[PDB]
Amino acid sequence: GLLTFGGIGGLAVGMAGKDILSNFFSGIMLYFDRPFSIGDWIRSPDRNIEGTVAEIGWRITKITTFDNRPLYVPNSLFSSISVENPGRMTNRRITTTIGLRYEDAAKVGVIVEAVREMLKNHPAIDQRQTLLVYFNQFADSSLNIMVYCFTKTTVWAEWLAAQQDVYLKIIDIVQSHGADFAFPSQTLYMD
Amino acid sequence: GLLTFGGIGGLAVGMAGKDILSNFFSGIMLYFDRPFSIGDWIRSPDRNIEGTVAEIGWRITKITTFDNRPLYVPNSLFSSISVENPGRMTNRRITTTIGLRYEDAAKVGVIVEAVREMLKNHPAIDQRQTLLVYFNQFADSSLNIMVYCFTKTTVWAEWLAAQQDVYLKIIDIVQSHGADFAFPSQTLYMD
Amino acid sequence: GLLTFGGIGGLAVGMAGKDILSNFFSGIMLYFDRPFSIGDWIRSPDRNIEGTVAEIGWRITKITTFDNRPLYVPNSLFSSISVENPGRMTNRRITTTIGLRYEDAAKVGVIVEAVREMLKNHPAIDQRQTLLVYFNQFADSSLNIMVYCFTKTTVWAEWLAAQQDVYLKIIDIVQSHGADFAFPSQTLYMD
Amino acid sequence: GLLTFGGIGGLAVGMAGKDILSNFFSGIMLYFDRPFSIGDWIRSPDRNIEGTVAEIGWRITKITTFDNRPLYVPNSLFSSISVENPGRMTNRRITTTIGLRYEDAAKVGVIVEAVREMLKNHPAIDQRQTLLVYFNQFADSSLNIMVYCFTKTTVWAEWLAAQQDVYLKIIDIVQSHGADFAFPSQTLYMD
Amino acid sequence: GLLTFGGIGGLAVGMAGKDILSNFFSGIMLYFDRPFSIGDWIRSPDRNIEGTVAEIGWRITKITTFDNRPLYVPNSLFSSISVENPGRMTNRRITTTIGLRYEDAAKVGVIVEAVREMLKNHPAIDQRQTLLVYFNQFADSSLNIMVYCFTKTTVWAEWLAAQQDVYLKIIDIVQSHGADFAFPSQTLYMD
Amino acid sequence: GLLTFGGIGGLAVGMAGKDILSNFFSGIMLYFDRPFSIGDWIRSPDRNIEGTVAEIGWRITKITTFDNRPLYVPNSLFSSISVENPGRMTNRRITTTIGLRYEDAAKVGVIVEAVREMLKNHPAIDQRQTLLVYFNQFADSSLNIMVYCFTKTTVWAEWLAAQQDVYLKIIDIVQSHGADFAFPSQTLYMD
Amino acid sequence: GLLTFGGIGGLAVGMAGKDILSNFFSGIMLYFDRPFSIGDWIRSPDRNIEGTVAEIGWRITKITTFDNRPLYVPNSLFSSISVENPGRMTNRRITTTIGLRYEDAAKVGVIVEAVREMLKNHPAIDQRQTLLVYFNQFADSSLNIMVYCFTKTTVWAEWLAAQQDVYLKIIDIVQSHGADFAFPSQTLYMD
């Protein structure tokens, strides 16, 4: 009897409150080992925890989303998911595709070399990072050329301006020769 | 025999009714640590619990959906999912895409500067928040320009009016020059 | 040997028969705390239990679907999923989108005001609920206007009649000016 | 040493063989509480167990699919999923959509009333069940009218004949006025 | 110390080695209760175990796929998934859809009766099984007629020949009157 | 106190380190019972373990993918997933679809018989395996004919050459009569 | 009382803190048995851990993504997922599809032989690896030819240059005869 209600109930009690003690243990571990600061935004490819950290409590962490809305995340999630910290980034990346008209195949090399030369001389591009311009796709409606480079600023303000300037220069270079980009461009076979 | 029979019965009973005790423990924890009030609506990216909180019981929480239907949520969910509280937001966000006609590439800069100037002078826009207008997509059928700003009201009533006014002003600015937006716009190669 | 043999047997029994005792405990909890009545239909965003409740047993709950087919739901589901009770609703909602032709942008304001005034004077619309008519989308082929209102009846019979009348009045108002709705409406660029 | 060795062996045995005794306990529960008979077909929205029951054993249940192929289902599934019994249905449902041509908007009311009157006078329709004919969709390429009624037979043979007769009468009624249904019907804007 | 150390070691061993002993227990249960033979092919709607059984071991079962490649399946799967045995089928099913031109609505009845009469007199069709031919779909681009019948052979060789003959006869019957099937068949509305 | 403290510590250790000892037990089982050799490539429909086996360790198995990149797979996966061994295959399969023009329905039989006769006389086709050529699809834009045969070689080099030769012969046979294959081929209905 | 209280508390602690001790055990195992080094990038088909390893701690591993952002991965993941190490690759693979115009079927053999001969004599292609050029797809709008080869460099800089050169040579060879690639190319059946 005494054992029947002492050692049996304590098993249900000790197994039904598992999540709360897990949250508190994860909070303690975060206190001892913190992979992020307060004033930086974090990310996770497994769960949606996008936003800037606001407070770190014993049970839950308050995160301010980009909609200016508070988000409360239990601490136990941080012990089982991959946590990404874009706030500690060193450079911002520019990636795009060109997509010529599938008929201007003789201009691919000169366009690629012109784009590479332009990127090599742009003052806003970090020359110590990766810089690739090549035709490597062979799409079903266009000849695609990849662009891969990095900027030296990470403030989300002049990065966009640099990307816009690069895109405009790319358009100008493309239209300097006869490329004029491409569309879906099927055929019809009328009957 | 008595000890092992009691242990078996207790183990079966405890692991059979884990969910009920979990719900009650979560309700107690909510009573002690409440991340939301009564008269505010909450959200979660993991489960569908959208609606306004009505009552907070020991076992379940009653939430009034936007269809004016009651929704009963077990308390154990709140200890394992991320809870978002839009009712505590400070600003409302306006985001949209323009998408020019891929042929008016010489007007992109002037259109962007005009839209940015108009947004900077709109009385309904919070000037202390993020404000970005840039061409950063380079889509397959249009040249897309992003818009990102915040309003100073959060009442879902004049926020929509301000969004409509901003959209109409954007249309007027776009058609002031020759842009006229864009459509899918493939090609045919008739045969 | 006897003690450990009995413990092994009891542990195996508890492992195998967890679900049945879970169902019975959930049924008991339903008896003590019932979130729904008999003659009302319930819903769940997690599982498919749509239908009207018929009987509530100790193990399973009988639900009559809208195809006039019986559905038997184990009681353990109700302790781990969110349960919605549309049978306790207070109002029925009407939501729709208009989608003008992207060329009649000068009529958007007058159409919106006319629709709002018509909805404000409709005898079947509850004036104490939400009522929003705004242009807030910027779709890829149309200019979309949102409609959001509530009726004062919840009987699925004159709610549909009121919705049909509102839709017909909306069509009449839209065609009073020159809007004539819209289609996908791409472009071709023949060659 | 003997006690702990026996405990280890028993725990391993209980952990490994949970599913078999779970199946047997589920079969015993089915024997005591059977939600279906032998000569009726069952369904489940969670798993694929479609078919007609053939035999109910202690471990597995044999179900004859509609391809005349035997299907063996473990008994433990029936204690954790929702089981639907269409073999106990009282009526068969007819549901369809009309989809007018978006230009015959003045005929919607008369078409709806004609269809409703025809359904009310059809000898094969159960007049005590739900009967709704309304225009409630407002689709992107057609004006859709919903049809919702029940038949008094459940034999899968006269139900199909009644459905075909109803569809033919609907076609005749629709073409009596000028509706002629609708197609995707986009626009082109040639250039 | 010795007792608790032995208990810890045994708990670790039992938790780590659950799957192997589960596989052997499932193999033993298969030996005692076998739902399939060697020279027949099995199927499962839950997992991909398609193929013909070759050997049944204590731990794994070897199955020869239809690509003439060996497949090894652990025995524990058969105790938790539904197993289908097409090798024990009694008949093979023929199902197809016709899809008329949506303009020949006056020929639907005569076409249906002709197809039904043809199927009723075909020597390769089992007359004691289900036989249904009805117009029951009302598709968006065609008027669809369902066909449902069974053959008296199950050898995958003359079943295909009978299906081909039935399809050719259906084509001949359909083209005897003016139906000529149908295509997507949208509309364009030039501008 | 000592006994319960030791039991708690041991239970925590056993619960935390389950995966490592599971991997080692799976490796021991693989050593005792190996379903594959070193120099053959394996496959699994459950997880992505495509590649050729290189080494079999106590904890993990090293597999060389077809990109010439090493892949390390924990041993515990092999005790819970189905493992397919294409390296032990006896024949390679050729499967394809023809898809005539839906207007040449009178040539289906002669085309099928010609293709079957050609396959029956091809020196690279195994005559003791399955060989089926039938019209069994009735697609929405074409009349599809299935092809199913096996080759006597499994070297991935002569198999491709035989497949190419068979495809070219099929094209020649198809164009010998008037078939000319088919395209999507909708209709437009101008307005 | 003391014994059962301590047992319940220890069971709760062990059930709550499983993840942290699992992470530390996985870190220790990584220290003893590591499948990767610091200065190489790893991959996993199960989870998103793409990037280059930076630091290996006791609890978490720091990985630098290709966006120059830090990523923190718990150590327990590496004991349950497949880890791929592209940094230890020996060759880089080139794969592409040609897709002729469905009317130039008489040139397939000569085009295939020309492409194979060109690949056989390219100085940047490893002749000891797989090299396949065959027509094996028979697509719905084109006759597709597969290309499969390997390069002798693995530094991502001249690999792209070699791929671009190969693609340009393929284009030149294809246009040497009359192929001119292909488009979707449906038919219209005007009415």
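Below or above, wherever it landed, is the structure these notes cover.

1. A word on empty space enclosed by the protein
Argument step 1. Size it by volume and the largest cavity reaches roughly 80 Å³.
Argument step 2. Taken together, the elements giving at least two residues each to the lining of the largest cavity come down to α3 (18–32) of chain A together with β4 (70–74) of chain G.
Argument step 3. Taken together, the residues of the lining of the largest cavity sort by class into ten nonpolar, no polar and one charged.

2. Quick look at the packing of aromatic side chains
Argument step 1. Scanning the model with the defined rule gives 102 aromatic pairs over all chains in all.
Argument step 2. Centroid distance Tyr31(A) to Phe32(A): 5.9 Å. Interplanar angle 75°. Geometry classified as edge-to-face. For the pair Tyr31(A) and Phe32(A), one class covers both residues: exposed.
Argument step 3. Aromatic ring contacts, followed pair by pair, group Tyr102(A), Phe135(A), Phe138(A), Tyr189(B), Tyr167(G), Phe181(G) and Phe183(G) into a single cluster.
Argument step 4. Sitting over the ring of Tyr134(D), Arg116(D) keeps its end group 4.9 Å from the ring centre.

3. A short note on the interface of chain G and chain A
Argument step 1. Taken residue by residue, the interface counts 46 residues in chain G and 53 residues in chain A.
Argument step 2. Counting residues per element, the ones that place at least two in the side of chain G that touches chain A are α1 (2–16), α2 (18–32), β4 and α4 (158–176) of chain G.
Argument step 3. Bridging between strand β5 (residues 83–84) of chain A and β4(G) involves two bridges; their strand directions are antiparallel. Across the sheet, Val83(A) pairs through a bridge with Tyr72(G), a residue of β4(G).

4. Remarks on the relation of the copies chain G and chain A
Argument step 1. Note on the copies: chain G fits chain A at an RMSD of 0.4 Å, the axial shift is 0.1 Å, and the rotation between them is 51°.
Argument step 2. The two copies present different faces, since only 17% of the interface residues in chain G are matched by interface residues at the equivalent positions in chain A.

5. Let's talk about the pattern of salt bridges
Argument step 1. A complete count under the given rule lists 77 salt bridges over all chains for this structure.
Argument step 2. Taking the shortest distance from any N to any O, the salt bridge between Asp126(B) and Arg128(B) comes out at 3.8 Å.
Argument step 3. The exposure class assigned to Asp126(B) is buried, which follows from its relative accessible area of 10%.
Argument step 4. The shortest N-O distance in the salt bridge between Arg59(C) and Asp33(D) comes to 2.5 Å. Taken together, the residues span two chains, with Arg59(C) in the loop between β2 (51–56) and β3 (60–64) and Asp33(D) in the loop between α2 (18–32) and β1 (41–42).
Argument step 5. Classification of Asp33(D) by relative accessible area gives partly exposed; the value is 26%.
Argument step 6. Put simply, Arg101(B), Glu103(B), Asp104(B) and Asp180(B) are held in one network by salt bridges that share partners.

Cut-offs and rules
- Residues numbered from 1 in each chain as written, not as in the entry; some residues may be left out.
- Chains lettered and ligands numbered in written order.
- Heavy atoms only, no water.
- Residues with missing side-chain atoms left out of burial classes, pairs and counts.
- 1 Å grid on protein atoms, 1.4 Å probe; cavity = no way out; pocket = protein on both sides within 12 Å on 5 of 7 lines; lining within 4 Å.
- Points joined across faces, edges and corners; volume = space filled by probe spheres on them.
- Helix = DSSP H or I, 4+ residues; strand = E, 2+ residues; numbered from the N terminus.
- Nonpolar A, V, L, I, M, F, W, Y, C, P; charged D, E, K, R; others polar.
- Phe/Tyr/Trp six-rings, centres within 6.5 Å; stacked < 30°, edge-to-face > 60°.
- Buried < 20%, exposed > 50% of the residue type's maximum accessible area, 1.4 Å probe, protein only.
- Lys NZ or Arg CZ within 6 Å of the ring centre and 35° of its normal.
- Contact = heavy atoms within 4.5 Å.
- Pairing = 2+ DSSP bridges.
- Least-squares fit on C-alpha atoms.
- Salt bridge = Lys/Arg side-chain N within 4 Å of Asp/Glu carboxyl O.

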